[PDB]
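Hydrogens, waters and symmetry mates play no part in the numbers below; they use all other heavy atoms, side chains included. Chain naming here is simple, since letters A, B, ... match the order of the sequence lines and numbering starts at 1 in each.
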Amino acid sequence: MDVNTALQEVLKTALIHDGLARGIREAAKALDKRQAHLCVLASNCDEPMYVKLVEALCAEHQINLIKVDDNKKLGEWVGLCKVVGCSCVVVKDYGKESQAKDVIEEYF
RNA sequence: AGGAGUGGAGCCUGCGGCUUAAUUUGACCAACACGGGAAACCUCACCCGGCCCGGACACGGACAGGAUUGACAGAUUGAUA
Ligand SMILES: [K+]
Ligand SMILES: [Mg+2]
Ligand SMILES: [Mg+2]
Ligand SMILES: [Mg+2]
Ligand SMILES: [Mg+2]
Ligand SMILES: [Mg+2]
């Protein structure tokens, strides 16, 4: 039960329950709205202001953050599949509690 | 054999012609108050001008580092499209 597998399962559940906000604009709106318990970041993105703003907003809202490696893999996980490639995700809510969610909380 | 008429008058209404941006069009005993057709808009088919897609689905491309949607004001417009 690796943290990668836990993230994949929780993202799949959130998408199936429509609790996922993909993209930097949607993620920023969800974070500023005092919602969206968790956030996922991709280390592949080459834009420095991107990661700077993502981390600054996440820290200001005081919510968990995860830095995954590949933007394309993150997009394929969040369900943009040819994969567009998501470089920042937000979990507005989880559909149902699961062992993957528990593992993510423990990693937090 | 007759009665009431029509054809004459004014008007209503349909048809041709003429005119027009358009005067939408069908029909010439068995067409012409016929299309149940008494049209201000709609009807609308015609003319002038301006929005919209309400172009399914398939394939390909562009895309969450955003494909795309809508919009306040001021110009613009017949118009608060
Ligand atoms: K007469
Ligand atoms: Mg007469
Ligand atoms: Mg006969
Ligand atoms: Mg009338
Ligand atoms: Mg009319
Ligand atoms: Mg009209």
- Task: Determine the minimum heavy-atom distance between A/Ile63 and A/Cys39, stating which atoms define it.
- Result: CD1-SG, 3.6 Å

- Task: Examine the six-membered rings in the bases of B/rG36 and B/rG37 and report whether their centres are under 5.5 angstrom apart and their planes under 30 degrees.
- Result: no

- Note on the structure: If positive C1'-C2'-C3'-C4' means north (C3'-endo side) and negative means south (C2'-endo side), then B/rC48 is north

- Any stacking for adjacent B/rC29 and B/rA30 under the 5.5 Å centre, 30° plane criterion? yes

- Enter syn or anti for the glycosidic conformation of B/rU23, syn applying to angles within 90° of 0. syn

- Report yes if the base rings of B/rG60 and B/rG61 sit with centres under 5.5 Å apart and an interplanar angle under 30°; otherwise report no. yes

- Message: Can you measure A/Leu74 atom CG to B/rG65 atom P for me and round it to whole angstrom units?
- Response: 9 Å

- Item | Whether B/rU77 stacks with B/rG78 under 5.5 Å centre spacing and 30° plane angle | no

- Message: Roughly how many Å apart are B/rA38 and B/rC15, using the P atom of each and rounding to a whole number?
- Response: 10 Å

- Message: If I take atom CG in residue A/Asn44 and atom P in nucleotide B/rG65, what distance separates them, rounded to the nearest angstrom?
- Response: 12 Å

- Check the pair A/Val68 / A/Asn44 against side chain to side chain contact (heavy atoms under 4.5 Å, CB included), numbers first and verdict last. CA-CA 8 Å; A/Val68 200; A/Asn44 189 24; over 6 Å; no

- Query: On a whole-Å scale, what distance lies between the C1' atoms belonging to B/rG66 and B/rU43?
  - Reply: 47 Å

- Query: Taking the side chain as C-beta and beyond, is there a heavy-atom pair between A/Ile66 and A/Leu41 under 4.5 Å?
  - Reply: no

- Item | B/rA39 sugar pucker (north/south) via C1'-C2'-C3'-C4' | north

- Task: Verify whether the stacking test passes for B/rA64 and B/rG65, with limits of 5.5 Å on the ring-centre separation and 30° on the angle between planes.
- Result: no

- Task: Assign B/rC42 to north (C3'-endo side) or south (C2'-endo side) according to its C1'-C2'-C3'-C4' torsion.
- Result: north

- Query: B/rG66, B/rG65, B/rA64: which one has an atom nearest the side-chain heavy atoms of A/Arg22?
  - Reply: B/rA64

- Item | A/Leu20 and A/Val90: CA distance, side-chain angles, deciding distance, side chain to side chain contact (heavy atoms under 4.5 Å, CB included) verdict | CA-CA 6 Å; A/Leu20 210 57; A/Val90 131; over 6 Å; no

- Query: Taking the same atom, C1', in B/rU80 and in B/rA56, what whole-Å distance lies between them?
  - Reply: 35 Å

- Query: What heavy-atom pair brings A/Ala42 and A/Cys86 nearest, and what distance separates the two atoms?
  - Reply: CB-O, 4.2 Å

- Task: Rounded to whole angstrom, note down the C1' distance from B/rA30 over to B/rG54.
- Result: 46 Å

- Can you see which heavy atom on A/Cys45 is nearest to which on A/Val51, and at what distance? SG-CG1, 3.5 Å

- Polar side-chain atom of A/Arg22 near backbone of A/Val78 as donor-acceptor pair, under 3.5 Å: yes

- How far, in whole Å, is B/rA31 from B/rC53 if one measures between their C1' atoms? 43 Å

- Atom P, compared across B/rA45 and B/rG17: separation rounded to whole Å: 25 Å

- Query: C1'-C2'-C3'-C4' for B/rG37: north (positive) or south (negative)?
  - Reply: south

- What's the CG-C1' distance between A/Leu53 and B/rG65, to the nearest Å? 13 Å

- Task: Measure the distance from CZ on A/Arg25 to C1' on B/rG66 and round it to the nearest whole Å.
- Result: 11 Å

- Query: From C1'-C2'-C3'-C4' alone, north or south for the sugar of B/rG54?
  - Reply: south

- In whole Å, what is the span from the OH atom of A/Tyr50 to the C1' atom of B/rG65? 6 Å

- Could you classify B/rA4 for me, syn or anti, using a glycosidic angle within 90° of 0 as syn? anti

- For B/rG26, glycosidic torsion class - syn if within 90° of 0, otherwise anti: anti

- chi for B/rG36 classified (syn = within 90 degrees of 0, anti otherwise) as syn

- Message: Output the rounded distance in Å from CD (A/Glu26) to P (B/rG65).
- Response: 9 Å

- Message: Please report the distance separating the P of B/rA27 from the corresponding atom of B/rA22, rounded so that it comes out in whole Å.
- Response: 22 Å

- Query: Considering only the P atoms, how many Å lie between B/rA39 and B/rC52, rounded to the nearest integer?
  - Reply: 35 Å

